[PDB]
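Shown below: run12.tsv, with TSV, C-alpha atoms and all ligand atoms.
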chain	number	residue	atom	x	y	z
C	2	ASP	CA	76.99	4.10	-37.57
C	3	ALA	CA	73.99	4.88	-35.39
C	4	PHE	CA	75.10	1.87	-33.33
C	5	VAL	CA	78.77	2.70	-32.75
C	6	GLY	CA	79.47	3.52	-29.13
C	7	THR	CA	79.66	2.34	-25.56
C	8	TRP	CA	76.24	1.47	-24.19
C	9	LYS	CA	75.30	0.77	-20.58
C	10	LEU	CA	72.30	-1.40	-19.64
C	11	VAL	CA	69.62	0.64	-17.84
C	12	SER	CA	66.55	-1.62	-17.93
C	13	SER	CA	65.64	-5.21	-18.61
C	14	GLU	CA	62.33	-7.05	-18.82
C	15	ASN	CA	61.82	-10.83	-18.87
C	16	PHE	CA	65.52	-11.72	-19.19
C	17	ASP	CA	65.25	-14.53	-16.61
C	18	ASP	CA	62.33	-16.02	-18.52
C	19	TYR	CA	64.34	-15.70	-21.76
C	20	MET	CA	67.37	-17.45	-20.27
C	21	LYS	CA	65.15	-20.19	-18.83
C	22	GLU	CA	63.50	-20.74	-22.23
C	23	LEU	CA	67.03	-21.19	-23.68
C	24	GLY	CA	67.74	-23.83	-21.05
C	25	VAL	CA	70.25	-21.69	-19.08
C	26	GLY	CA	71.02	-23.15	-15.63
C	27	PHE	CA	70.60	-21.45	-12.26
C	28	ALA	CA	74.24	-20.33	-11.87
C	29	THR	CA	74.45	-18.59	-15.26
C	30	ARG	CA	70.92	-17.10	-14.80
C	31	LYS	CA	72.09	-15.77	-11.44
C	32	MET	CA	75.06	-14.04	-13.13
C	33	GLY	CA	72.88	-12.70	-15.95
C	34	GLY	CA	69.89	-11.51	-13.94
C	35	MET	CA	71.32	-8.55	-12.14
C	36	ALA	CA	74.28	-7.91	-14.44
C	37	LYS	CA	74.35	-4.40	-15.93
C	38	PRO	CA	76.69	-4.93	-18.87
C	39	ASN	CA	78.36	-2.49	-21.19
C	40	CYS	CA	77.89	-3.17	-24.87
C	41	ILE	CA	80.71	-1.71	-27.01
C	42	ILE	CA	79.94	-1.63	-30.76
C	43	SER	CA	82.59	-0.70	-33.32
C	44	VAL	CA	83.12	-1.07	-37.04
C	45	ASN	CA	86.25	-1.37	-39.18
C	46	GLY	CA	85.79	-2.00	-42.85
C	47	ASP	CA	83.35	-4.85	-43.38
C	48	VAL	CA	83.75	-6.07	-39.80
C	49	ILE	CA	81.47	-5.16	-36.89
C	50	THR	CA	82.55	-5.99	-33.38
C	51	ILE	CA	80.20	-6.20	-30.38
C	52	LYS	CA	81.82	-6.55	-26.91
C	53	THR	CA	79.66	-7.35	-23.91
C	54	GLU	CA	81.53	-6.47	-20.76
C	55	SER	CA	80.38	-7.22	-17.23
C	56	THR	CA	81.89	-7.88	-13.89
C	57	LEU	CA	81.55	-11.69	-13.91
C	58	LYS	CA	81.63	-12.40	-17.68
C	59	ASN	CA	82.86	-10.78	-20.88
C	60	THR	CA	82.10	-11.89	-24.44
C	61	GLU	CA	82.86	-10.64	-27.92
C	62	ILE	CA	81.74	-11.30	-31.50
C	63	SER	CA	83.10	-9.98	-34.77
C	64	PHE	CA	81.22	-10.50	-37.97
C	65	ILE	CA	80.42	-9.41	-41.48
C	66	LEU	CA	76.76	-8.73	-42.21
C	67	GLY	CA	75.17	-11.69	-43.99
C	68	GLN	CA	78.04	-14.10	-43.27
C	69	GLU	CA	77.35	-16.98	-40.89
C	70	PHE	CA	79.81	-17.41	-38.05
C	71	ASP	CA	80.38	-19.79	-35.15
C	72	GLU	CA	79.72	-18.29	-31.71
C	73	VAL	CA	80.13	-19.47	-28.14
C	74	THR	CA	77.43	-17.60	-26.23
C	75	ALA	CA	77.70	-16.24	-22.67
C	76	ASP	CA	75.74	-19.33	-21.53
C	77	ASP	CA	78.16	-21.65	-23.40
C	78	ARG	CA	75.93	-22.67	-26.30
C	79	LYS	CA	77.79	-23.46	-29.51
C	80	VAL	CA	75.68	-21.73	-32.12
C	81	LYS	CA	75.72	-20.64	-35.76
C	82	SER	CA	74.93	-16.92	-35.95
C	83	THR	CA	73.99	-14.66	-38.80
C	84	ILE	CA	73.52	-10.88	-38.46
C	85	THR	CA	71.89	-8.64	-41.02
C	86	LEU	CA	70.73	-5.03	-41.21
C	87	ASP	CA	66.96	-4.79	-42.03
C	88	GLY	CA	65.47	-1.28	-42.07
C	89	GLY	CA	68.05	0.06	-39.56
C	90	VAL	CA	67.66	-2.92	-37.23
C	91	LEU	CA	70.60	-5.29	-36.60
C	92	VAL	CA	68.90	-8.70	-36.64
C	93	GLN	CA	70.85	-11.64	-35.23
C	94	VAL	CA	69.75	-15.23	-35.37
C	95	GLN	CA	71.45	-18.00	-33.43
C	96	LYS	CA	70.81	-21.59	-34.54
C	97	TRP	CA	71.73	-24.72	-32.61
C	98	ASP	CA	70.25	-28.19	-32.10
C	99	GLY	CA	67.30	-27.48	-34.37
C	100	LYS	CA	66.42	-24.36	-32.33
C	101	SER	CA	66.73	-20.65	-33.00
C	102	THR	CA	66.63	-17.42	-31.09
C	103	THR	CA	66.56	-13.88	-32.43
C	104	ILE	CA	68.17	-10.78	-30.99
C	105	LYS	CA	67.21	-7.47	-32.60
C	106	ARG	CA	69.10	-4.29	-31.84
C	107	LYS	CA	67.63	-0.95	-32.81
C	108	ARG	CA	68.22	2.71	-32.11
C	109	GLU	CA	65.20	4.57	-30.66
C	110	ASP	CA	65.65	8.18	-29.49
C	111	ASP	CA	68.64	8.03	-27.06
C	112	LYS	CA	68.27	4.28	-26.54
C	113	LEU	CA	69.81	1.10	-27.90
C	114	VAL	CA	66.85	-1.29	-27.61
C	115	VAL	CA	67.45	-5.03	-27.73
C	116	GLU	CA	64.60	-7.44	-28.21
C	117	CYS	CA	65.39	-11.14	-27.49
C	118	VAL	CA	62.89	-13.85	-28.51
C	119	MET	CA	62.91	-17.55	-27.72
C	120	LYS	CA	59.68	-19.36	-28.54
C	121	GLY	CA	56.90	-17.50	-26.73
C	122	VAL	CA	59.19	-15.43	-24.50
C	123	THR	CA	60.17	-11.88	-25.43
C	124	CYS	CA	62.73	-9.94	-23.44
C	125	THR	CA	63.46	-6.23	-23.93
C	126	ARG	CA	66.69	-4.63	-22.74
C	127	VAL	CA	67.49	-0.93	-22.98
C	128	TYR	CA	70.92	0.62	-23.06
C	129	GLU	CA	71.96	4.26	-22.95
C	130	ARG	CA	75.23	5.87	-23.95
C	131	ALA	CA	77.82	5.63	-21.28
J	201	LIG	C1	71.79	-16.09	-23.26
J	201	LIG	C2	72.63	-15.56	-22.12
J	201	LIG	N1	73.01	-16.21	-21.05
J	201	LIG	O1	73.75	-15.31	-20.28
J	201	LIG	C3	73.76	-14.17	-21.03
J	201	LIG	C4	74.39	-12.95	-20.58
J	201	LIG	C5	74.22	-11.76	-21.26
J	201	LIG	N2	73.48	-11.67	-22.50
J	201	LIG	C6	73.34	-10.46	-23.24
J	201	LIG	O2	73.53	-9.39	-22.64
J	201	LIG	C7	72.99	-10.51	-24.73
J	201	LIG	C8	72.69	-11.91	-25.26
J	201	LIG	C9	71.29	-12.39	-24.85
J	201	LIG	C10	70.21	-11.33	-25.13
J	201	LIG	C11	70.55	-9.96	-24.49
J	201	LIG	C12	71.88	-9.52	-25.14
J	201	LIG	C13	72.23	-8.07	-24.92
J	201	LIG	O3	71.53	-7.36	-24.14
J	201	LIG	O4	73.25	-7.59	-25.53
J	201	LIG	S1	74.99	-10.42	-20.50
J	201	LIG	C14	75.57	-11.46	-19.23
J	201	LIG	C15	75.17	-12.76	-19.39
J	201	LIG	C16	75.53	-13.84	-18.40
J	201	LIG	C17	76.72	-13.41	-17.54
J	201	LIG	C18	76.50	-12.00	-16.97
J	201	LIG	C19	76.42	-10.95	-18.09
J	201	LIG	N3	73.09	-14.29	-22.13

Take the structure in this file and express it as structure tokens.
Amino acid sequence: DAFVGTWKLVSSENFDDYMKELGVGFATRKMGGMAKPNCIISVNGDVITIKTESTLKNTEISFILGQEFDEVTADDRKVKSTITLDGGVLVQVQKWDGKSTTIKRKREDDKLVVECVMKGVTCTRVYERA
């Protein structure tokens, strides 16, 4: 849809603080902090796939909207994730150990904008088409 494509990270605000709030250790925060990943979003039938590709770490999820799935995150959390579409925004929640974090992906002008919340920390990451 509006999301399908190959997206390159161009700006990031508060990602270190977001990772720290998640409990991510120094080494993984070091990898994450200056990484400029590609995000590759595709759809086939009911199934959306999101690939996150970067020099030191790649991840991938495939899911059906509204159907919970197990995910191993880039920081090695074992979480239960659910993704839905709410007013054109792809809203992902990850739940683990009584905690949750939300990752919202929206299209704004030429941008894929990703808002990441953990407790009182809000990170915003902006991608543009490769
Ligand atoms: C947590 C966590 N811990 O590490 C990483 C991580 C990435 N997280 C995201 O990009 C996602 C998922 C988190 C919100 C931003 C998202 C997005 O913008 O799509 S990219 C990357 C790393 C660590 C290794 C180097 C490359 N997330």

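Those residues that approach residue 116 in chain C to within 7 Å, counting all atoms listed in the file, are residues 104, 105, 106, 114, 118, 123, 124, 125 and 126 of chain C; same-chain residues fewer than 2 positions away are not listed.
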
Show me which residues sit within 6 Å of ligand LIG 201 (chain J) when counting all atoms listed in the file, and put them as a PDB file with C-alpha atoms, in the coordinates of the input.
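The file below, part.pdb, is the result:
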ATOM      1  CA  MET C  20      67.370 -17.450 -20.270  1.00  0.00           C
ATOM      2  CA  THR C  29      74.450 -18.590 -15.260  1.00  0.00           C
ATOM      3  CA  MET C  32      75.060 -14.040 -13.130  1.00  0.00           C
ATOM      4  CA  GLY C  33      72.880 -12.700 -15.950  1.00  0.00           C
ATOM      5  CA  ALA C  36      74.280  -7.910 -14.440  1.00  0.00           C
ATOM      6  CA  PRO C  38      76.690  -4.930 -18.870  1.00  0.00           C
ATOM      7  CA  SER C  55      80.380  -7.220 -17.230  1.00  0.00           C
ATOM      8  CA  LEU C  57      81.550 -11.690 -13.910  1.00  0.00           C
ATOM      9  CA  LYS C  58      81.630 -12.400 -17.680  1.00  0.00           C
ATOM     10  CA  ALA C  75      77.700 -16.240 -22.670  1.00  0.00           C
ATOM     11  CA  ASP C  76      75.740 -19.330 -21.530  1.00  0.00           C
ATOM     12  CA  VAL C 115      67.450  -5.030 -27.730  1.00  0.00           C
ATOM     13  CA  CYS C 117      65.390 -11.140 -27.490  1.00  0.00           C
ATOM     14  CA  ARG C 126      66.690  -4.630 -22.740  1.00  0.00           C
TER      15      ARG C 126
END

*Tell me, as a PyMOL selection string, which residues lie within 12 Å of residue 9 in chain C, counting all atoms listed in the file; anything in the same chain fewer than 3 positions away does not count.*
chain C and resi 6+12-13+36-42+52-55+111-114+126-131

*Hey, which of C:48, C:10, C:23, C:35 ends up closest to residue 101 in chain C? Count all atoms listed in the file.*
C:23

*Identify, on the basis of only C-alpha atoms, every residue whose closest approach to residue 44 in chain C does not exceed 10 Å; exclude the query and any residue fewer than 5 positions from it along the same chain; express the result as a ChimeraX atom specification.*
/C:2,4-6,49-51,63-65

*Please, what distance in Å, to one decimal, runs between CA of residue 25 in chain C and CA of residue 93 in chain C?*
19.0 Å

*Rank C:3, C:27, C:96, C:34 by their smallest atom-to-atom distance to residue 15 in chain C, using all atoms listed in the file, and report the top residue only.*
C:34

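For the residues C:62, C:85, C:77, C:92, ranking by smallest atom-to-atom distance to residue 26 in chain C using all atoms listed in the file places C:77 first.
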
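As for CA of residue 66 in chain C and CA of residue 84 in chain C, they are spaced 5.4 Å apart.
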
*How far is it from CA of residue 80 in chain C to CA of residue 97 in chain C, in Å with one decimal?*
5.0 Å

*Point out the residue among C:16, C:79, C:87, C:107 with the least atom-to-atom distance to residue 67 in chain C, counting all atoms listed in the file.*
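Looking at the shortest contact to residue 67 in chain C, the residue is C:87.
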
*Using all atoms listed in the file, which of C:86, C:91, C:122, C:73 sits nearest residue 18 in chain C?*
C:122

*Write out as a PyMOL selection string each polymer residue whose atoms come within 6 Å of residue 102 in chain C, counting only C-alpha atoms; drop sequence neighbours fewer than 5 positions from it.*
chain C and resi 94-95+118-119
